[PDB]
Amino acid sequence: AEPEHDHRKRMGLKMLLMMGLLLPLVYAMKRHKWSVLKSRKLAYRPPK
Amino acid sequence: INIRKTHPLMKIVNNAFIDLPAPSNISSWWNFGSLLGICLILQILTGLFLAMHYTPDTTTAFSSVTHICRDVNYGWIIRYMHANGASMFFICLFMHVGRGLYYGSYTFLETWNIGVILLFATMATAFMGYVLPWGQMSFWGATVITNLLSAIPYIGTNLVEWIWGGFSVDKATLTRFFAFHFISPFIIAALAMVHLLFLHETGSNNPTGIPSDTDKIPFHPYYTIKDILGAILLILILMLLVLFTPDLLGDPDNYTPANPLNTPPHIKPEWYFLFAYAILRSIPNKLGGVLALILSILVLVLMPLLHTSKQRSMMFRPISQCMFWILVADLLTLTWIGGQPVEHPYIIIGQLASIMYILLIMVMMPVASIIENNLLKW
Amino acid sequence: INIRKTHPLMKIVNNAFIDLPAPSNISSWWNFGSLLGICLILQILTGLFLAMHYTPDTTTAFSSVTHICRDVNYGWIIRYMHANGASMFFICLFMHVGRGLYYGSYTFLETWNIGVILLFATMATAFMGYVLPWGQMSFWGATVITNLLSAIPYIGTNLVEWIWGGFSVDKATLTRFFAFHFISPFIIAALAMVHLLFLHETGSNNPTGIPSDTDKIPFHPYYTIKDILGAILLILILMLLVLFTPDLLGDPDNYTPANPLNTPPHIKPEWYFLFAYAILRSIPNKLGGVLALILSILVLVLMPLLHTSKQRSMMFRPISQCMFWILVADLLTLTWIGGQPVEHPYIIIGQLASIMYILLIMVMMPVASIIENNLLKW
Amino acid sequence: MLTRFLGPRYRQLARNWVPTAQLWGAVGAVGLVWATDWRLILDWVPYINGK
Amino acid sequence: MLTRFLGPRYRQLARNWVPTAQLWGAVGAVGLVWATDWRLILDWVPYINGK
Amino acid sequence: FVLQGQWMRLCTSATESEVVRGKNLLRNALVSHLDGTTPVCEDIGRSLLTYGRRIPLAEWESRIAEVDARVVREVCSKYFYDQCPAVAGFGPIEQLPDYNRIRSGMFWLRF
Amino acid sequence: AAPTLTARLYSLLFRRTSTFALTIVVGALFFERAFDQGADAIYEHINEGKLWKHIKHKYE
Amino acid sequence: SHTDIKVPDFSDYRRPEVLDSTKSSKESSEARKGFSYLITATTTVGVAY
Amino acid sequence: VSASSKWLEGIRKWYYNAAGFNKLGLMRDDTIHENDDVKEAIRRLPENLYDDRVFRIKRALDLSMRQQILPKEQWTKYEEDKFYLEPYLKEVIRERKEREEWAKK
Amino acid sequence: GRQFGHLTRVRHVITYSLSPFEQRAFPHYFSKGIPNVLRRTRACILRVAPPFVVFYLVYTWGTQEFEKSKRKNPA
Ligand code: HEM
Ligand code: HEM
Ligand code: HEM
Ligand code: HEM
């Protein structure tokens, strides 16, 4: 059934890293995008 | 000019994903959707590749299964895996239902009924599709839903024949459902683009609940990248449960070869199919059971018809929320209820759970709605 | 207002069939199109119902075939029948190609290349789909196209493995193609709605060849009812050859069970697949043969690129028409050419037929175009 | 909110549609008949008796 | 009709795109490499030597 | 898409023709500042104010004369490329995309 | 430096879109074989339960 | 009558490099977009694998 | 938004401190789920009002994304809230009651 | 429908923008996460819990109910 219980096990290891790498890198990128929108200043200054 | 603007197929495209203006306030409620399709795609994808090897032949059942499993390298992985992934699709499915619910998104009918088609569709489309393994669980259980084919007055006998192909479930079925699976996914797909365009029409709601025209951006970058994220989250999910403990969710009765004489003790549905079979065995009558079944989602249709409050977001409606997570309590409640075989306490237990479903939705949730209204005073 | 105007899905609909303004001058060139889709639908329809019983299993091949034939009442009819109907689809297919040709409709690119996708797509989509019967003809012939999988430098060995699944055609293939069929039809479908919307965009041409805005009506009643007619014409066609002499078009080698050791004398393609295999065996080199093959339709793409004349309708271009029906002569010519097994006269015969294909289209047809232009003097 | 269509007005509307309503209803019913030829009703059918 | 884009103008256009053209070309090629890792090229790869 | 793209077009597309054209532009115009009494006047004023010098007719016509379209491609890239300069409409700006779009447009996927 | 990493490796690397890509795959090699290797090391220190067996299998 | 507006302070959100009115991002930018670009390419090159 | 209505409209005051609306400083009227009646109702809205509800709405979106809320001080003044539409709205309630009325007629 | 420019009516308002590379990805990251985080969560908790309470009470409870109900007695 799971001889790759060895082999597949191996892959899982890299997975642990990929996310830990990407997941941050991903999240970053997301923030990297959204950041400006975060801080926006839009003014309600109705005339008079 | 800008081909992005210009190209007609693109003209759809930009209009679809790209140029798409969308509520800026948008909330994580999203992700699941693309997931599902990704899921769906992968679903097909894998199934396809799966199909590529797998045979669905009577003698081949466990046989090819071994060839598709014991032989099949990563047929291990792809097989058992994306098999689990199905269940994941169910996960975001029920989830997503929640999404609309606490959303209260029920405002958009054709969408709602659409995903209702998606609902029962997903249900059996699985079930048949699911059963394809023809495993001892799915086998005596095949005698089960096979015995579901007989319900009607004057018909089922002839029906569960026609359904069943004849005097019982058979290789007849094997082909029958086997195909039925082969077809239905496509149905899901076109259904999808359908409900999709339906969406793009109205646009759609917002977790805020206010008219969105105030604030919109395209999915790119925002909802786009966000989506990419949630995808990675998925591969975490799927590629996790898969990657680590594939069998964790299983029921050993599957790996049990179908043994026509067997009929063992258990007879349960999938964590996907779970909450039903409890609901099924709950009542002591045929169409009670069924009409209940279709009356759960159908019930949800009524819920859109039952929509009451002068405000969309239950966010502002706390007592409502009590009914919300409470209703959920009734739900996974119904799970663990099914989580027992027929038992003395359980009898009463689920027996009341139904009332809840009828109350906690049809009464207590609507009654709740009226109440909150009364309180509203504005 | 008018829901016909109003309803969004309908808004497509009316925009699609119903409200659709269309050239009044419109000509019978039409019919085939809906036919094909009807065909296609029926195709699916039958295949589906066919699928419903049929099993595509290795031991089951002729076996289930009997169960799907010798057992199967109207599996007789539906089977052999709509099997023929496939060929009919090919009939209107090549026809339809003609439609554009004497039409010269090549004006609309994305349509043309679209139906090119439709072209090779239809071709193999059949072939794999076709071969599914796994019959002695399709069997040793399976060794044939199976031997087509090997063409490339450095690859085919490994390729016709990967294609073939391995050391030969196998049950490996059986699943493989079997699915491949299951998939591709859908592909055809979405492709269809694609090319369709593409059409609705430009609108499209007219047998007259003049700008159509002068005259238009909706398909209803006109093109509508007309379509209904041509449909009845179809059921005449299909329901005829079917209804009367089902086996008429067959090659007995089919009913011959696959006999792995057999390899009998014939090895031909379908009246559908016909004109190819001649073209194939014509040349003495691998990629000559293939590049020719894809270069027939691809050639047709070039023909749109090769479009020359200052006037659309060959109707006004008689010498052109000579090249037209003449080219056809080269075509069914190529058929009867394939209509012989490898033979002394034939060798030269087809050997020239190719030149024609290269001349009668690529040269003599274009050369013709230039000529007619010269004559035009206007 | 039946009061919306409940009024001697829409009442009269119904009074209009009624006979037609009978008509289309019959359409459906007979359709079930010939379509089905369901034995249950099929029995009473004389000379439409098939045996 | 190459004369359409044949002129010292569009000629100059090419003169511009050329180095870039090299660049994207390289992109494709190397892609074939890493993607494939085709033995034919793979051999020459030192320390990318996998055995 | 025009502007930045034109800029993109610019940043890439140089053909000496226009270079010579706007050369003649700056020539005619070149008069039109030099030409005119007050324009020449204030021209002196900021001329030393900033400069302290006056680009002579053949000095300004020198660096001018020196004009180089290589520096068009390059120097263009030097100042221009991959930046966030000013854009201001007035009124209902919805066609203003985001900095994440409009200024994503500040970047070129044309390459 | 790191300013020419961020910058020159924008400029002389990440600037040109292609160059950014060619850089990307250029890594795809090194990363690929490397992580392959060190990964193998992880599994290696994990067990020594087989395929080290040959010497124990007396590796005929 | 129309000109009186003003704008807010980015500091709380501001990354360090921009802190000063003193200096030109003429240096900074390439470094900033550099870091980000780096991260991005990390996501491209890794994802490629 | 005061104690009876800080319990009850303190689902909108104390319990929209919990359910958010007024502690989010929302506009009571603004909470009505958009409907047709609501729609043209707003179409008839007063102008200076329209601006007001606008800034309110947008801001709401703003902190919403920010997933923050204004100072609890800045959290809206209880009671002390004009019913903005309710004269206008309720007027329309009579309207659609009127179209609805002669409609009934 | 939407897209833009037929969109909607906005009079007498104003904006301010900033280029992305300007900011820092995580100002007060841990800091700001905060009983800010507990502000959302903790804010919701009371609203959330009771049903789940009943749950653990249940699967626990009935778990005992039937579980014990599986025990055999004398006579
Ligand atoms: C059209 C694309 C699909 C194809 C070609 C496909 C084909 C298959 C085949 C051949 C099997 C049996 C082999 C095996 O169990 O590993 C299977 C199992 C299954 N797939 Fe699909 N299916 C497709 C789409 C779906 C969809 C949409 C779902 C619903 C999420 C789904 C959920 C399942 C389930 C529940 C099973 C059985 C459980 C198991 O994996 O053991 N698949 N499918
Ligand atoms: C085949 C599974 C489904 C797919 C692929 C699908 C796809 C999507 C997508 C892509 C969105 C975009 C916005 C978002 O996610 O919030 C969406 C929103 C929505 N879906 Fe589904 N959906 C599916 C099942 C359902 C179900 C089961 C329902 C409820 C019966 C449903 C009703 C809605 C509604 C009402 C929205 C609007 C959400 C909002 O704006 O708040 N769909 N769906
Ligand atoms: C999957 C098979 C095909 C289907 C279902 C299909 C469907 C249709 C339909 C419904 C029309 C409507 C008008 C008419 O029939 O004249 C049409 C017209 C057309 N089709 Fe196809 N078609 C198919 C294959 C082709 C092929 C093989 C070509 C040529 C390579 C082609 C090129 C055209 C063109 C150019 C027209 C415009 C006809 C005119 O207005 O005169 N299509 N097709
Ligand atoms: C997706 C819908 C389709 C399905 C499910 C389907 C499935 C099948 C199956 C299972 C067979 C073997 C059984 C038999 O030969 O009777 C078959 C035969 C065939 N069908 Fe299809 N097919 C479909 C669409 C098509 C299409 C689009 C064509 C092209 C017109 C096509 C033409 C053929 C041909 C040539 C054969 C073999 C000849 C024969 O009938 O003996 N079918 N198909």
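In order, the residues displayed for chain B correspond to 2-379 in Swiss-Prot numbering, which applies throughout.
The backbone N, Cα and C atoms fix where each Cβ goes, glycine too.
Annotation comment: Swiss-Prot describes B:33-53, B:77-98, B:113-133, B:226-246, B:320-340 as transmembrane segment. What Swiss-Prot records for B:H83, B:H182 is heme b b562 binding site, and it gives similarity to another entry as the kind of evidence. Summarising the annotation, Swiss-Prot assigns heme b b566 binding site to B:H97, B:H196. If you look up Swiss-Prot, you'll see B:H201 marked as ubiquinone binding site.
Sorted by the number of other CB atoms within 10 A, the binding-site residues B:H182, B:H196, B:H201 start with B:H201, the lowest. Only residues 6 or more beyond the boundaries of the transmembrane segment (B:113-133), in the same chain, are considered here, and those with a CB under 8 A from a CB of the stretch are 57, 87, 91, 94, 101, 106-107, 139, 142-143, 146, 178-179, 181-182, 185-186, 188-189, 192, 195-196, 199, 271, 273-274, 277, 295, 298-299, 301-302, 305. Here the candidates are the binding-site residues B:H83, B:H97, B:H182, and by Cα distance the one nearest the residue listed as 'ubiquinone binding site' turns out to be B:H97. The CA atom of B:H97 (heme b b566 binding site) is located 23 Å away from the CA atom of B:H182 (heme b b562 binding site). Proximity of B:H83 (heme b b562 binding site) to non-local residues of its own chain (separation of 6 or more, Cβ distance below 8 Å) is seen for B:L43, B:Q44, B:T47, B:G48, B:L51, B:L239, B:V243, given in sequence order. Here the C-alpha separation of B:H182 (heme b b562 binding site) and B:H196 (heme b b566 binding site) works out to 21 Å.
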